[PDB]
Asker: 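Supplied in structure tokens, the structure appears directly below.
In what follows, every chain begins at residue 1, and chains take the letters A, B, ... in the order their sequences are listed.
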Amino acid sequence: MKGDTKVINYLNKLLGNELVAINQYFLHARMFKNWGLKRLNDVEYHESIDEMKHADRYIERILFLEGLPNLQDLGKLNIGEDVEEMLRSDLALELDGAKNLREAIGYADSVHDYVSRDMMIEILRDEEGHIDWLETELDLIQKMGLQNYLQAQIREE
Amino acid sequence: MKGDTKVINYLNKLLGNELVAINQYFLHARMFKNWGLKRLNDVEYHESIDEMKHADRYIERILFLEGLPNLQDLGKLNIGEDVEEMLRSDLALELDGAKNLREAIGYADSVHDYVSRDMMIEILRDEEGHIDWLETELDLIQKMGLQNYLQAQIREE
Amino acid sequence: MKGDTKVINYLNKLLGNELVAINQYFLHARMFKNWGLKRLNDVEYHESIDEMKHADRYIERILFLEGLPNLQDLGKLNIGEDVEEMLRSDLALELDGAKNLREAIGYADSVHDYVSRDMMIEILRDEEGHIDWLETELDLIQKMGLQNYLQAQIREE
Amino acid sequence: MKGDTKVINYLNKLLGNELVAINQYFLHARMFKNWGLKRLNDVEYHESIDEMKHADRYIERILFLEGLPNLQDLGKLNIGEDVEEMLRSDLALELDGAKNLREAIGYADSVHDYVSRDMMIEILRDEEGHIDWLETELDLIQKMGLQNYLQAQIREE
Amino acid sequence: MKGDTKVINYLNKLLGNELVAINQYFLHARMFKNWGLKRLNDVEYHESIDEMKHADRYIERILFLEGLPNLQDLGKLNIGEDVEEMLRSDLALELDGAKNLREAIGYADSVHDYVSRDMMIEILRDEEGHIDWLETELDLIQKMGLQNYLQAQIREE
Amino acid sequence: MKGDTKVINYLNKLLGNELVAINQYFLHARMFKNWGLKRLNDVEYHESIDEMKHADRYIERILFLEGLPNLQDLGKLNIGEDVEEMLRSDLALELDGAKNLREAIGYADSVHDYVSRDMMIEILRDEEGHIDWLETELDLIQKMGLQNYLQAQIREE
Amino acid sequence: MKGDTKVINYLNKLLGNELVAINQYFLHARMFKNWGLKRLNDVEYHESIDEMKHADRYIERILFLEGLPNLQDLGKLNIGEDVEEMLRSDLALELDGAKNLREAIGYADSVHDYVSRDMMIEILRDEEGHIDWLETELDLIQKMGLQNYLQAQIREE
Ligand code: HEM
Ligand code: HEM
Ligand code: HEM
């Protein structure tokens, strides 16, 4: 079903945001696992999977709308080298992506692509959940100190 | 454990190959799905997942060896626009990757990184399985004709 | 609860669209069944049932909103005499109905009837699924030819 | 128990026929498998296993009768390069083997080796089943054409 | 996938080794069974089956590599007439085959056919197991004497 | 089956490395248990058992190859007096043993003892896992401090 | 709890006896296994494991009593080269160990280390069981002759 060209361009931009997040979260996860921080591996792995599911939704929607999914352009990763830096980078990436979601959701409403909007609102809800988790963890590092915080990550939860 | 720098370089080059294949296979899968070719969606999706698993193994091994996984550089995709083209493109990608694996496996032996070699041989076995499947499907297109071939993809197997 | 009069007019228009679709899909289903095309009977039967469920939702919502559901006016059916024509007629009907759904969803937002809107967005998502299936089937007829296409319908899936 | 020398010669001749068939059917099976013709691999594999069971019966009977089983001489295989040729070669081999079975069954009756005869009649019944299947398949190739025939082999039955 | 011509010649040579062993083990097994030496029938039958599985692997690999499996040219059997002579012949055949495996495994590495090498290493492990069993049984004949040794074979283990 | 003398000597050297590690890990485990560090008792106990399984494999392989396993010479243990010292000693012992494994693995290939090599590669994989664990724990002591680290060991995981 | 220095010296001597026995029984077991004498492998393996459990008890007790377990000094093994010599060597080792146990049990009583004494009396019971088994087997070799004795070891019991 022929979709709106700019809606497809927004879907591709959002897809690109997910592609960056998949890679950044997955590498973060495996860094935490190498360091023995099992709890952080588990959460960041599942966030990577979430972003993969989002990417799939965008790819499927773009194809339905007769557009061309762009998996070729990968944007900048910001990996980081210690736990706080890694989490802050993930939070900044989520916030940037949420701004883009909000813009796309408004635009899709304007051109009456309500099913693409609906999909994007569900994805935004997921991202806000990730934002909550990241903000909270960052606060916990400050409140308990890094040594206690790292100890709290060695066992699965 | 401090690994061999050139082994790490190979692992990153192979990881790069997997990152391309993940995306190419996944987009191909969803293109087949959109077209109603369920059988091809199913196989290509699982090939994409296989390559994700390979990428994980490389990431984990690089980190163990105290190197930096590179998920930033994505090489060229070649998507294609019809089934035969798509399958031929996946086949050429697999064969390029197998050349690289053979080189890496010889080198790892020469510096006595036998565990990285062992890992890579298992991956190469996986890749040769993918090559067999692709070669066989391409021959089937020719033997039964494209119309019959497409009809044979519409149901799951 | 007294609803907005023009919301109710929209719900009655959409109900009208569903009533035409119920009958057109049902007759198509039983025509496919008569012809021995079991798979098309099954899909088209279940699309008819989907539209019945949508009609029920409209009737209940109209009554809640203190309007009068109109099941008396039936619009034009376009049955068709061969498989491709029948599927094309269903696709045209779905696309006309989607246009009407988009206008209703917009209008309901403007008068703050957000629950009628939510209902309608779910229904639109359903109809876009039907659109995807019909488009895909029509393309399959072309790609594999009508003889192979009809062979592919004789068994249930 | 000392058997009749010419009965033993017949059993060795028939064993020889089975040894050729085991190898010819097995290679055919794996050729079909390589080509993605799963249904033909399955049938031809099980025909190979049937001939292995027949060879075992001959070897055991010869030993009981105090003769020397000959597994050293292997007769001519005729592999073939396409499906029809391969099936025709199997059919010719089966028909040559049936002729030999008929002569052996007659001869065993004449010297009152009724248990060897009973064994051979069971084996002949098996081979006539294989003949029926091969004849039927070859006729199906002609009736539906080779493209449809090959399409019909790609899934297991 | 086109393989290296000399790798395929090695695989055919090894296949040839397996074809001889299949027949020699199977006849030995049934000779033991005729003699009432159940335990030796059981072991030798299962060794024959192992070699059948090895032959299958070679056939499938050769076909993948676009070579022609040779099941036509059966090498010399050495059956033997008493238990010790039979086991010694089996051992000599295993040792000859192991020499050939070692040569092939080195060559496959040199031309970077690492998957054919991996397969052959697994088969070599199997053959060394057979060698261990044979060497051990031959020593047991001498340690307990042949009358006790034969006694020890009449019941299954 | 007579093996290569130098391979047997390598296998005995490697066996010697395992015998030291069995004792060192076992004593470390029970020291951790005495101290109430249950998590460290559990891991180091299971590492000792791993090395016992490795020693068994070497003893079995050496005997198959007609050599004499040497369990008489025990090398130097370095026990240590506090958790970090104990773990660093285990790490140094593992790294020393890995060097010896790599040398033996290359030599076994050179003389075509591919089964001994396969065995040793599996053992090396196990050793690299122990190395990862030890490295990681040592880094965790530094990251969370010794007091928190010790607190993290008192409960089983 | 601060133990008596001389009790700890005895525990270390007994531990040393166990370490010799672990290695001697284990190697004996695997020699028997190599020879196909499965019953002897099974018994001698489990005796090795018994002595491992004894060693563990001594190590734990020594640590409780604030002594230093000595796993560094390994005493003389006497392996031997045929079944009778191997069992006689095991028996002589057991008898030597029982003398030391008796001395230690008396001493521990005299200094009121009744829990160490209780532990040692249980271990002595175990050793007298091993002594019974060994004496009995040696008598059986003589009574039935070595050829029959060896025959009786080839199956598990
Ligand atoms: C660094 C790159 C990636 C890695 C390491 C990775 C890793 C994984 C892993 C470990 C799984 C679970 C597979 C299993 O254990 O069966 C998975 C599944 C999956 N992947 Fe990826 N992936 C990557 C990129 C992608 C991309 C680019 C996409 C497509 C946009 C994608 C889509 C999916 C989906 C949809 C699943 C199934 C998730 C589910 O269980 O619902 N992945 N991936
Ligand atoms: C090309 C050479 C041969 C190949 C590749 C072959 C292959 C096989 C395979 C793959 C199996 C099943 C193995 C399993 O998964 O358990 C099998 C079973 C068997 N083979 Fe063979 N075989 C060959 C020759 C022979 C010959 C010459 C004999 C007789 C002398 C024989 C006797 C048997 C028997 C009796 C069975 C068990 C059948 C049953 O399931 O009842 N095979 N063979
Ligand atoms: C030649 C040296 C040794 C060898 C080859 C050896 C071998 C083994 C093997 C194969 C097992 C069974 C592992 C499994 O599969 O679960 C085992 C268990 C065990 N070993 Fe050892 N071991 C050796 C020395 C020792 C020593 C020196 C100790 C303590 C000082 C020890 C303590 C134990 C214990 C406590 C178990 C568990 C027994 C149970 O099941 O209760 N071993 N050993």
Asker: Any donor and acceptor pair, going by atom type alone, linking the side chain of A:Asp56 with main-chain N or O of A:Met52 inside 3.5 Å?
Answerer: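 Absent.
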Asker: Please output the residues of residues 122-135 of chain A in contact with chain C, using a heavy-atom cutoff of under 4.5 Å, in numerical order.
Answerer: none
Asker: I need the minimum non-hydrogen distance between C:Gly67 and C:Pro69, along with the two atoms involved.
Answerer: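 What the structure gives for the nearest pair is O-CD, 3.5 Å.
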Asker: Just checking heavy atoms, which of residues 96-116 of chain A are less than 4.5 Å from chain C?
Answerer: A:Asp109, A:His112, A:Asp113, A:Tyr114, A:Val115
Asker: For chain A, which residues from residues 70-90 of chain C lie under 4.5 Å away (heavy-atom distances)?
Answerer: none
Asker: Distance from A:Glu51 atom CD to A:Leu93 atom CG, nearest 0.5 Å?
Answerer: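 Atom-to-atom, A:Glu51:CD and A:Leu93:CG are 8.0 Å apart.
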Asker: Taking the side chain as C-beta and beyond, is there a heavy-atom pair between C:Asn41 and C:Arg30 under 4.5 Å?
Answerer: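 Yes - at least one pair of side-chain heavy atoms lies under 4.5 Å apart.
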Asker: Atom CD of C:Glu44 and atom CG of C:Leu27: how far apart are they, to the nearest 0.5 Å?
Answerer: 10.0 Å
Asker: Contact between C:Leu91 and C:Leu95 at the side-chain level, heavy atoms closer than 4.5 Å - yes or no?
Answerer: yes
Asker: Does a side-chain heavy-atom distance below 4.5 Å link C:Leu65 with C:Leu11?
Answerer: yes
Asker: Counting neighbours of CG on A:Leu68 that are heavy atoms of other residues, nucleotides or ligands and sit closer than 6.0 Å, is the number greater than 12?
Answerer: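 No, the 6.0 Å shell around CG holds no more than 12 heavy atoms from other groups.
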Asker: Which residues in residues 138-155 of chain A have any heavy atom lying under 4.5 Å from a heavy atom of chain C?
Answerer: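 So no residue qualifies.
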Asker: Using every non-hydrogen atom in the two residues, find where A:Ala55 and A:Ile22 come nearest and quote the distance to one decimal.
Answerer: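 Shortest heavy-atom contact: CB-CD1, 4.1 Å.
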Asker: Closer than 4.0 angstrom, basic N to acidic O: yes or no for A:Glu156 and A:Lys38?
Answerer: no
Asker: Going by heavy atoms in the side chains, are C:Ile59 and C:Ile62 under 4.5 Å from each other?
Answerer: no
Asker: First locate atom OG of C:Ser48, then atom OH of C:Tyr25, and finally report the distance between them rounded to the nearest 0.5 Å.
Answerer: 9.0 Å
Asker: Could you measure the distance from the CD atom of A:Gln24 to the CD atom of A:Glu94? Nearest 0.5 Å is fine.
Answerer: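 A:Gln24 CD to A:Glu94 CD: 9.5 Å, rounded to 0.5 Å.
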